[PDB]
């Protein structure tokens, strides 16, 4: 039910959950990554969600199961509100632009390791209109870039 391009993009995102690259995720990594981006799932909420797609039943789900777990019957432009919510995770002060400091916070929450200048580089790259920050339009453009 996804494009080849969406599957590819989610595949790299899965590597942030699956740090040691064994191809499988447990309740622990699911929980850790969600909380680091400001969510608060219960252990039972995570288990119930995993059991629903865990074929083995060892409590360890793989990439295609990860995709299924994310799937649900969706309203028109619910996805669009999802993208706006993803943006608000970066735009912490809610003024509509992502700053260096804010990108750094997310990169840090997710365990990414980079230099202050690398963060600035990332800002510069997605900052089409050159006001020094990343707005929503630029965000989505970067997000769906080829």
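We call the rigid core the largest set of C-alpha positions that still match within 1.5 Å between the two forms. Numbering follows the first chain given and starts at 1.
With each structure aligned by its rigid core, the stretch whose Cα atoms sit farther from this model in 5 other deposited structures of this protein, between 82-90 and 48-56, is 48-56.
Here 115-123 and 39-47 are scored by the root mean square distance of their C-alpha atoms in 5 other deposited structures of this protein, with each structure fitted by the rigid core; the higher score goes to 39-47. In all of the other compared structures of this protein with flanking residues present, residue 68 is modelled, so it falls below the one-third mark for missing coordinates. For residue 77, the fraction of other compared entries lacking coordinates, among those that model flanking residues, reaches at least a third. Between 75-83 and 24-32, the higher mean Cα B-factor belongs to 75-83. On average the C-alpha atoms of 51-59 have higher B-factors than those of the other stretch, with 51-59 and 114-122 being the two compared. Sort the chain's modelled residues by C-alpha temperature factor and residue 138 lands in the middle third, per the entry.
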